[PDB]
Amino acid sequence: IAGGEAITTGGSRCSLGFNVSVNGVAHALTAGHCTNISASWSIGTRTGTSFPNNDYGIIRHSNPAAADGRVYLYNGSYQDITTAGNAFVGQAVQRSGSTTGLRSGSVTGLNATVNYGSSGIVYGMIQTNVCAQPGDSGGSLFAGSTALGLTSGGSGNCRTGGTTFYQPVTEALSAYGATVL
């Protein structure tokens, strides 16, 4: 399973962010709002979660052979990931997620504060003009082979467009001592 693909727990669905390694052990990053739900996922067991404030979580794979170091493009192809980086305003990016598949746009703001009402406030989010819908959370924000973020939320949808926010992937990697595969 690769970045942007569906990960589930009972009746809930999110998207996998990036497959990563923690001291040689295969894990997957996803959104914190997702991992808060449960410890048991289709792909393994949750070993960390942080939401709100942040929006990241990590799941240890039950099957290490499944830790695919790519992002699925939803057209029968995949994008290889080799590093993690920081986003910059005006950067051309792509997002992969299980509801809407692959979409592109650009970064319009950094360090944005996002108020999700009853769900709380998240800080330091990447802001983009890429659309997303429920189910897309945790999915990959990338630019070529460089990993940038995990889908958190936004407004609108993919028919009318909207604004979306992403948790910077580097903060999630350093929180867990992980490296992208």
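When you see a residue number, it is the position in the sequence shown, counting from 1.
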query	finding
Of 112-120 and 44-52, the one with larger mean CA B-factor	112-120
Residue range whose averaged C-alpha B-factor is higher in the record, 167-175 or 9-17	9-17
Out of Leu148, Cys131, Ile37, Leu29, highest CA B-factor residue	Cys131
Member of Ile81, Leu73, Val89, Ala92 with the greatest C-alpha B factor (per the PDB record)	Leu73
Entry-reported Cα temperature factor of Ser106, expressed as the chain third it lands in	highest
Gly156, C-alpha B-factor rank within chain (lowest, middle or highest third)	highest
Cα B factor band for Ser98 (lowest, middle or highest third within the chain)	middle
